[PDB]
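The listed protein sequences derive, respectively, from chains A, B, C, D, E, F, G and H.
For my numbering, add 18 to where a residue sits in the first sequence, where the first one is 1.
For my numbering, add 94 to where a residue sits in the second sequence, where the first one is 1.
For my numbering, add 94 to where a residue sits in the third sequence, where the first one is 1.
For my numbering, add 94 to where a residue sits in the fourth sequence, where the first one is 1.
For my numbering, add 94 to where a residue sits in the fifth sequence, where the first one is 1.
For my numbering, add 34 to where a residue sits in the sixth sequence, where the first one is 1.
For my numbering, add 43 to where a residue sits in the seventh sequence, where the first one is 1.
For my numbering, add 81 to where a residue sits in the eighth sequence, where the first one is 1.
Using N, Cα and C, we set each Cβ at its ideal position, and we do this for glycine too.
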Amino acid sequence: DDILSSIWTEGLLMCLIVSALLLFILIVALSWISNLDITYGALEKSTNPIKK
Amino acid sequence: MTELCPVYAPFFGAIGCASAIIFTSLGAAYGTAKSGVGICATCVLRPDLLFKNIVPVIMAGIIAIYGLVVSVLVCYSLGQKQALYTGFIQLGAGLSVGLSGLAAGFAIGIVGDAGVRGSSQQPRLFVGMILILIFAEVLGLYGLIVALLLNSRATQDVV
Amino acid sequence: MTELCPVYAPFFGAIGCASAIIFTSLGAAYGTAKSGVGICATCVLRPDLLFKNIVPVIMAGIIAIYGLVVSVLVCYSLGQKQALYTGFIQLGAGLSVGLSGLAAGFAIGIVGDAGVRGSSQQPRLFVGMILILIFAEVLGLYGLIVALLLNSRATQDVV
Amino acid sequence: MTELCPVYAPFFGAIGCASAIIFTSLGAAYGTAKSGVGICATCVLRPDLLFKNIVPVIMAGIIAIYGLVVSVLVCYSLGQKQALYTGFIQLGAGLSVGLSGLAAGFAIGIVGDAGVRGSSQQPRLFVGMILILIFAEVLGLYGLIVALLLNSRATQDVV
Amino acid sequence: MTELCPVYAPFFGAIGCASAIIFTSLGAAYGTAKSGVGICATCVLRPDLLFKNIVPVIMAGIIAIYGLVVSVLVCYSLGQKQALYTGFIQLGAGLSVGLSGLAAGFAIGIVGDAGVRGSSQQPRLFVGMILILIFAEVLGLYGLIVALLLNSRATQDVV
Amino acid sequence: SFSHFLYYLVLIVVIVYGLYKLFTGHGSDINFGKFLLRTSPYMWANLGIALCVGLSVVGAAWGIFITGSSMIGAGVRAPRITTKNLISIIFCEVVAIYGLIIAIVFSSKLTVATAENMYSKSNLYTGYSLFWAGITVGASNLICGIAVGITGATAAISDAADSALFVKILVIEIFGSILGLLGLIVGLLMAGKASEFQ
Amino acid sequence: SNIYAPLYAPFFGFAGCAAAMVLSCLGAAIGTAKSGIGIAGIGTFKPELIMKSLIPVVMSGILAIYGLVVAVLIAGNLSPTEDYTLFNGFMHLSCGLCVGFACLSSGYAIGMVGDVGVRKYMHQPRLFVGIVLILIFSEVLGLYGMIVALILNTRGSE
Amino acid sequence: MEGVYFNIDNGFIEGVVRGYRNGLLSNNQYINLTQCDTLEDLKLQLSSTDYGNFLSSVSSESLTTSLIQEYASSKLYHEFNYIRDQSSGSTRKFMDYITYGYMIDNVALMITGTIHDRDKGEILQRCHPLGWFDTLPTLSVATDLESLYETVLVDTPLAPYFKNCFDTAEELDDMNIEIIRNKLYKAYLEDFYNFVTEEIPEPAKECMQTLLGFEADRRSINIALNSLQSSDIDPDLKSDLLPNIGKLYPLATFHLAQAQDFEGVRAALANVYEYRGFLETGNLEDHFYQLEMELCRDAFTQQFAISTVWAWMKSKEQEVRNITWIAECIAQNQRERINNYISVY
Ligand SMILES: CCCCCCCC/C=C/CCCCCCCC(=O)OC[C@H](COP(=O)(O)OCCN)OC(=O)CCCCCCC/C=C/CCCCCCCC
């Protein structure tokens, strides 16, 4: 009866920490990407009859 | 089926093959979009610099060709009955090139976005960006070298 | 009933089929929503450019087909009695085309919103928006390639 | 070891002894900190009122004395061989005086900083600030009455 | 191997010896720093009060000496063959002085940075700032008294 | 918030699960010792080699855009600096080289082992070591790379002010580089006595 | 064989050898980075005052020498032939956490003080000794962590 | 910490802005202008500076001390709009708030013109260009405020700031308009204080709380002294004009509103050391300008802080104010106060 478990075998645990690892990376990479924001000032046409 | 050839063993190869193109694609997108918005801002007033400032957009496309090269080599080392030695090799290869190219990619975006904006204001500042940007494209490479060293040891003397 | 072929093996295949159409439609949708706002802002003043700025909406849709193809193919590999290995191959295929296509949609969405606007003040910029969008479209093509090479190995030499 | 008196029973007691002095010291610290910041401002322009305004600090300090006399009475009832009943109670004695005094500490600091800034503008407010602090200082006494009754029951009619 | 004395029992003592250095230092580092900022700002105008406003920093060094005493004093009590009761009690001694000395820091830092700025203006406030600091330094001294009593019992009437 | 709520809802399940097993006389069921023994030492050894060259490239790529984005802004008015301040991009790249020298050394130790002698004293020893040595070199060069970028973004701004000040800030930028060299040493000492898998 | 010497005990010894560097280098990094912001900031006004104001960066460097020592000694008491008991591994784990968090604490105090002092030193030159005295209290916090971590090492073996 | 995430968005910005400060003139460079004889010699000398060829299009007779203030300011405004263009996110908000204080001035300036029946062109030339919005010249239409509000100023970002202002008279005049102008800054400097405390991180947070506290304190002092010109004003009315963020709040803003004379003001500022001796000696307006520069000089000691955009503008504005002072003195040949220029760099 030296098994670790019938349900939580060592093979399942090694596969669930690696998934946890690759998913931790992914969730970070999608935080950097969401915070992208476009620089709208250099695209719009703005003119003023005061300065020009 | 055996102590040395379980049935969950290919899981680490397939997940490694996938994660090499996933992590390198994300990097080359952050660095294409970010860079790509500076090009769409400077070339409203200086359209003559368009073809010269796509160089950041090139460097990130090479980050993606590396991750494709590792997915192609680990895929042909897969099998229903392979050792657990082989599976973790296939993992570390994808985790190396992927995590390395993701990081290189983001730097290409941040530095390439600034260079295109500056070189419009200072044409002597183009070569300065071409230098800084090669030291990012070479970090995706240093991850590729590790993946290749490991793959060699994959099915060597396995039984 | 067999050690190589358990009862839980189809679980990974069906997630792989769902995941390929799900993560490409999220990216294909970001791209249309994001670049569709830009088109509608420019073409109130200049609707002569309307049938020329639909290109980011085309290319965002070409992503969503890369997943429909992969999902159909793995759906014809499914079976009540199949190897667990075949289930892992199917999951790797769907994630790769998916999460790499999600990456292609974020890029197309940004560059198409910034590009259509800037092209309304400089017509020579359109030709550069087209290039910057091919380097992003190709990020999804690579994931299809990895998917179809994996699926090719899914049912050969399996017991 | 024994069914009634297992080996892990002193753990909950040793944690019930520290919880009294830990959570009172945090509350007594939120008191002196805020009330100190109010005192050191008012007594720039009116130093004569300095001695009167140390009263909130004394009230916060008596809180931490409640968590000390409970922790002492628990030390002298620990043992290698004691019952869980004796070990569970010691935890409920410590959380009560501990997390009650934490609450008296936040009331005193927020009131002690308000009335001390406002009593230099109006002296009659002083006896009212004090009357409000007595209600907040008596909260920690209710947690002490509950702890002391428990501890006197932890060793009563026990195997 | 005995049920009372397992092989994993020294784990609980190690985390107590380490807890006393971890949470006092973070409490002494917070107070020293913030007190150190309030001193520097004032002494530009008035640098003749420099060696008299270094009293908040000394108080916060007496906090870190409280934690060295306990860690040194339980480490002489550690052993390959010891009982769980001795370990549960060493963990309590460290969390007491540790997390009660962390409290004193967050007080000594808040009060020092204020009373140093206010004493440059009114010199009569220098003996108010020292009363309040005494009420903060006393919080970590209570947690030391509890530890020294727990540590006395850890090897008393134990098999 | 939501993300912080889950951190507190995990802590509350690990506690309620630990006390379910303990009060019922099943606390031995949560056994970390077997997990360390029964898990394959090839897992631990192939994570460390990946987390060494991976976490080292994160740091290097990090400092290159702090130092790189300030130089390019500073280089508008003082375009002469981009080749003088180039040395900061060099000390940030080199921590990635350290993570690649390790992976050369450690890859040699990856050999196949017989099935009977897999979970032996020596092959478990060798998996534990290449894991914590890789963590050590990677997480330490991650820190040396971010730091040298901060130091070298200032040295770009000072040099644009005045050419003389550039030299004085390099001394700060050298001492930071020592951190990556010490990490390499400590890792080699760990894996010195480790032997290839038999 | 021996119940007091399992075969996973080396896992806990290396964990401390890694915690003594990753956490001590993170302290030295915070000292140099934040101090150098204060030193370079004034540098556009008072260049003369830089070559004396490197005291905060060389104290941050000593912090990384403390963790080197502790990690070297630990690795010296590890081998795949020696019987490495589990008791010894719990000590080596606390040898590393102690000096690590204590040097992480010293580096946070040296950076915050070194920044403000240099920025304010240019205005007033009579403030120098008081800064240095405050930086000595922040440095001994890292010494207290290694006076403890050299006893634990001695008792873990014998 | 500071530099870990700042450079992702604002690294290029910080570098350009700290290059724009190195072009700020030094004391030695102000002297070389001082000993000039004419304006044709004042032009040749600024060529040696970072101003360069900002007057290459201009002839001898065309030179005036008015045309020099125009082209030195216009060079600041192109630089501002350039930086605001490259910005995004919170940094784009921060740079829009800076402009909401220049259009408040232009609201009050178009309206006073209509009461005196002048042409918009004659007025628009006197308007600051950073305070421009599309419907600014449309305020020349009506005199009733509620008319001006609904038809024009609702769309603006100034809409929240008119809550405390619907007490005007049926007819609208100078002293009523000035009261409106001061209620706006009260609400503007309180919204742009909370904005910084919520979104803008440290150490820029600490520095902008200070710089905005000085803008508040400076107004509360001038608004009191201007009231001494008036006959009588209720105290509770002045309380609605004085902001609530600086060192003065709360203790001294009470004793300022209840100040009948100059001595009653000194009784209120004596219990604060930062502002203790301004009234006692010398010109008041110069004391503030000398304290603004000192705080901005200290903002540049920092790094990885977006507060340098504020500091940079206010420094170069004062630079422009010194150029014009020196220029007037040269043409008018009055050289008694030519050394009045304020410089900290
Ligand atoms: C609620 C359903 C809808 C939502 C679905 C979303 C996904 C949810 C999570 C799916 C994975 C977890 C459930 C499946 C685990 C059980 C599978 C199983 O039985 O495998 C057993 C078998 C071991 O068998 P024996 O050792 O003989 O022991 C007897 C069996 N106990 O072990 C395995 O096959 C382990 C495989 C586990 C894989 C889990 C992870 C799947 C991949 C998810 C990746 C997610 C992160 C993203 C990655 C990004 C980078 C590529």
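Nearest-angstrom Cβ-Cβ length linking residue i and residue j, presumed shorter than 8 Å
{"i": "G188 of chain D", "j": "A114 of chain D", "result": "4 Å"}
{"i": "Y102 of chain D", "j": "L172 of chain E", "result": "At roughly 20 Å, the Cβ-Cβ gap does not stay under 8 Å, so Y102 of chain D and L172 of chain E are not in contact."}
{"i": "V110 of chain F", "j": "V346 of chain H", "result": "Their Cβ separation, rounded to whole angstroms, is 48 Å, which puts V110 of chain F and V346 of chain H out of contact at 8 Å."}
{"i": "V168 of chain D", "j": "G107 of chain D", "result": "6 Å"}
{"i": "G125 of chain C", "j": "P100 of chain C", "result": "Going by Cβ atoms, the distance from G125 of chain C to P100 of chain C rounds to 39 Å, so no, they are not a contact pair."}
Any C-beta of chain E under 7 Å from that of residue i
{"i": "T126 of chain D", "result": "yes"}
{"i": "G188 of chain G", "result": "yes"}
{"i": "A72 of chain G", "result": "no"}
{"i": "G79 of chain G", "result": "no"}
{"i": "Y109 of chain G", "result": "no"}
beta-carbon residue i near ligand 1 non-hydrogen atom, thresh 6 Å
{"i": "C33 of chain A", "result": "yes"}
{"i": "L189 of chain C", "result": "yes"}
{"i": "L30 of chain A", "result": "yes"}
{"i": "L40 of chain A", "result": "yes"}
{"i": "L184 of chain G", "result": "no"}
{"i": "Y236 of chain C", "result": "no"}
{"i": "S119 of chain B", "result": "no"}
{"i": "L233 of chain C", "result": "no"}
{"i": "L167 of chain B", "result": "no"}
{"i": "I116 of chain B", "result": "yes"}
{"i": "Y102 of chain B", "result": "yes"}
{"i": "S194 of chain B", "result": "no"}
Short CB-CB distance (under 7 Å) between residue i and chain G
{"i": "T278 of chain H", "result": "no"}
{"i": "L144 of chain E", "result": "yes"}
{"i": "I115 of chain E", "result": "yes"}
{"i": "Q339 of chain H", "result": "no"}
Within-7 Å CB hit, residue i to chain F
{"i": "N109 of chain H", "result": "no"}
{"i": "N134 of chain H", "result": "no"}
{"i": "residue 8 of chain A", "result": "The requested residue 8 of chain A does not occur in the structure, where chain A is confined to residues 19 to 70."}
{"i": "residue 4 of chain A", "result": "Outside the displayed span of chain A (19 to 70) sits residue 4 of chain A, for which this structure offers no information."}
{"i": "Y164 of chain G", "result": "no"}
{"i": "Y51 of chain G", "result": "yes"}
Check: residue i C-beta below 6 Å from any heavy atom of ligand 2
{"i": "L48 of chain A", "result": "Ligand 2 is not among the ligands present in this structure, which contains only ligand 1."}
Chain H contact for residue i (CB, 7 Å cutoff)
{"i": "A195 of chain F", "result": "yes"}
{"i": "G84 of chain G", "result": "yes"}
Test: residue i CB closer than 7 Å to a CB of chain A
{"i": "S221 of chain H", "result": "no"}
{"i": "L120 of chain B", "result": "yes"}
{"i": "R72 of chain F", "result": "yes"}
C-beta neighbour in chain B for residue i, strict 7 Å
{"i": "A38 of chain A", "result": "no"}
{"i": "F93 of chain H", "result": "yes"}
{"i": "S190 of chain C", "result": "yes"}
Any chain C beta carbon closer than 7 Å to residue i
{"i": "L162 of chain B", "result": "yes"}
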